[PDB]
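S.K.: So that we are looking at the same thing, I have put the structure below in structure tokens.
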Amino acid sequence: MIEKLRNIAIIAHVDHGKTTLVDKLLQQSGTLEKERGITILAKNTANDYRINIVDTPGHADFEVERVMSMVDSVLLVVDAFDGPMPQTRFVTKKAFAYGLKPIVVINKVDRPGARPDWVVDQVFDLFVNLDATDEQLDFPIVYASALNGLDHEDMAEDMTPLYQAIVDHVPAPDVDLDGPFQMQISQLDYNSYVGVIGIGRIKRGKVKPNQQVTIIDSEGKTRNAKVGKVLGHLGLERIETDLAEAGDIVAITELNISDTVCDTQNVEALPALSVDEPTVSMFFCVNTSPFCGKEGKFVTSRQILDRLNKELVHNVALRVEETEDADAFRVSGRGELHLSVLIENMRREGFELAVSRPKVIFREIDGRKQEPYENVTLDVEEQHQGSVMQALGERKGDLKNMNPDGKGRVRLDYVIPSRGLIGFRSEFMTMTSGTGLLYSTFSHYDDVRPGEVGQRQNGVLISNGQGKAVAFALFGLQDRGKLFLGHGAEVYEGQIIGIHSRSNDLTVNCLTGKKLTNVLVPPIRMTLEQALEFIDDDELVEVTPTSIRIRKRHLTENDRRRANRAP
Ligand SMILES: Nc1nc2c(ncn2[C@@H]2O[C@H](COP(=O)(O)OP(=O)(O)CP(=O)(O)O)[C@@H](O)[C@H]2O)c(=O)[nH]1
């Protein structure tokens with residue numbers, strides 16, 4: 001059966017000449033339910049050619065590689081009155097960046113002001129300038145009218161020859177039925193009633209709604225109960241699915257993009273990242289603080305994970321997974337910002353969650369463990385080199401360049417391990433007095449320092465009871481350290497309320513003070529951004545739609561000491 005399978009992507013755009021095609025192919029198979037689709041799997045014969053025409057987003061999201069890592073060739077579709085358009089553009093790049101061999105299709109030649117030839121000329125000039133190098137052919141180049149003249153052929157039925165064009169040029173999916181089973185989860189969708197659903201194209205072997213499998217990068221042992229799969233415009237189930245079909249699989253682990261399934265007996269694994277992988281992961285936990293659901297709306301773990309998976313569909317740099325703890329999730333993203341947008345949004349929506357310090361994703365590449373470094377670019381005034389020298393140095397900031405712009409200012413490019421960039425933005429502001437300007441970007445995974453840079457020089461000031469903030473306590477607490485609150489705010493035991501000027505943590509009291517027997521400094525505006533860059537392993541950022549709070553993982557001092565200690 002394998003040899004007559006056909007997997008392709010489509011491209012269209014602002015031009016209403018897309019599909020049309022799909023709905024026009026109707027000369028197919030007129031002999032659960034959701035979701036579909038993804039991918040209009042027709043069925044041309046005159047033998048049963050199974051033709052997944054998997055659909056590509058003209059929307060350029062946070063992507064399309066993760067489609068075409070399933071398909072083997074492509075349909076570019078273009079109207080004959082206007083030409084290829086600037087995100088028929090983007091999409092197709094990623095086509096040639098895999099070994100894909102485009103089938104051009106000209107639509108709506110029925111149009112009056114038809115430029116059938118000129119469009120093909122215009123393709124090359126805006127499609128050829130992308131190398132391949134093959135194609136060329138690209139021949140392929142079929143003419144069409146969705147509302148089904150000159151040039152090819154013409155014309156029989158217009159749609160009667162298209163089928164032959166796809167079968168002729170588009171190869172069989174080069175994957176092997178024998179041996180065990182394995183499949184890379186390429187696409188991904190969610191439903192609140194069946195969890196996250198696989199969607200990949202099978203790389204070897206066969207499956208059947210109850211078995212066992214395993215999930216790749218570390219452990220992953222879980223097994224599902226059901227397998228949807230594409231059939232016409234439907235997404236039906238059946239007894240089993242063998243090789244090279246864009247089939248889709250429910251109820252496993254969380255299941256993730258790039259991540260690859262495979263039998264437990266003599267298997268594992270699959271490669272391909274490709275580059276959208278993430279570099280950081282902070283844990284998301286349900287707000288276990290005293291103000292549990294007192295400022296939000298959503299808070300029970302079920303809702304958080306429902307939201308996280310709603311994000312796992314369209315957001316592609318995001319991978320999420322589960323822990324030992326019920327109410328905890330390792331949420332991994334391309335950057336620290338990539339995550340903090342998800343938080344800031346979940347906040348705005350009504351959520352309440354506690355979040356761990358962004359720890360980086362250390363990765364094993366060629367014997368040498370490697371940690372992610374980042375290109376860091378920053379402008380400052382001349383009286384802030386003296387400060388930004390020491391900081392980035394202290395965080396293993398290899399200095400690339402200086403562009404002193406004549407006047408006072410100077411620009412500075414660096415490379416830093418991500419691990420050492422965590423923290424820094426709040427200091428660049430605190431050193432430059434806001435007049436510093438800085439953003440940075442992921443560059444590469446290279447060997448580790450390793451040592452330990454991302455480490456706060458200070459300790460934190462923690463209240464030991466719930467109550468309010470007595471100004472007659474806090475006037476004489478800001479003498480010991482820098483302060484996060486002021487004139488009477490509702491707090492609790494475990495809650496962090498400032499920074500000690502040295503390294504030891506003081507568990508002071510913010511309650512009655514006292515009075516005896518028988519002005520306050522304006523506090524720090526800790527943004528979500530910088531509460532995250534603030535915390536330690538033994539600290540969490542609790543967030544409510546209205547408020548940012550920062551607390552120790554374990555509250556009760558005695559309880560925290562009982563685990564540190566160490567072994
Ligand atoms: N004359 C002519 N018009 C066509 C042809 N194919 C499509 N069209 C025009 O374009 C529209 C096709 O509808 P539609 O299927 O929504 O196009 P589409 O590409 O799917 C729009 P979207 O980009 O949102 O997917 C119709 O309004 C129709 O008049 C064709 O072969 N000839």
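Numbering starts fresh at 1 for the residues of each chain in the structure tokens, the chains themselves are lettered A, B, ... in the order given, and ligands are numbered from 1 as they appear.
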Residues at most 6 Å from ligand 1, using only C-alpha atoms and all ligand atoms? Could they come as a ChimeraX atom specification?
M.R.: /A:13-20,107-108,110-111,145-147
S.K.: With only C-alpha atoms counted and 12 Å as the cut-off, give the residues of range 213-293 of chain A in contact with range 531-535 of chain A, each with its shortest interatomic distance in Å and the pair that gives it, as a tab-separated table.
M.R.:
```
residue	atom	partner	partner_atom	distance
A:281	CA	A:532	CA	11.9
A:282	CA	A:532	CA	9.3
A:283	CA	A:532	CA	11.3
A:284	CA	A:532	CA	11.9
```
S.K.: Just write the chosen residues, N, CA, C and O atoms, as an mmCIF file, in the first residue's frame.
M.R.:
```cif
data_model
loop_
_atom_site.group_PDB
_atom_site.id
_atom_site.type_symbol
_atom_site.label_atom_id
_atom_site.label_comp_id
_atom_site.auth_asym_id
_atom_site.auth_seq_id
_atom_site.Cartn_x
_atom_site.Cartn_y
_atom_site.Cartn_z
ATOM 1 N N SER A 281 13.091 27.009 30.823
ATOM 2 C CA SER A 281 11.858 26.482 31.405
ATOM 3 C C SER A 281 11.696 26.938 32.850
ATOM 4 O O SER A 281 12.560 26.708 33.689
ATOM 5 N N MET A 282 10.582 27.594 33.122
ATOM 6 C CA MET A 282 10.184 27.892 34.491
ATOM 7 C C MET A 282 8.956 27.039 34.771
ATOM 8 O O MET A 282 8.172 26.735 33.866
ATOM 9 N N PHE A 283 8.821 26.621 36.024
ATOM 10 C CA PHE A 283 7.671 25.849 36.445
ATOM 11 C C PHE A 283 6.514 26.778 36.708
ATOM 12 O O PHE A 283 6.694 27.851 37.284
ATOM 13 N N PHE A 284 5.338 26.341 36.268
ATOM 14 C CA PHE A 284 4.067 26.996 36.538
ATOM 15 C C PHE A 284 3.388 26.117 37.559
ATOM 16 O O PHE A 284 3.191 24.927 37.308
#
```
S.K.: Would you compute the distance between CA of residue 367 in chain A and CA of residue 419 in chain A? Give it in Å to one decimal.
M.R.: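 Value for the CA of residue 367 in chain A-CA of residue 419 in chain A distance: 20.4 Å.
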S.K.: Enumerate the residues of range 261-334 of chain A with a DSSP assignment of alpha helix (DSSP H), computed from the backbone, and present them as an MDAnalysis selection string.
M.R.: chainID A and resid 301:314
S.K.: What separation in Å, quoted to one decimal, exists between CA of residue 79 in chain A and CA of residue 171 in chain A?
M.R.: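 These two atoms are separated by 25.7 Å.
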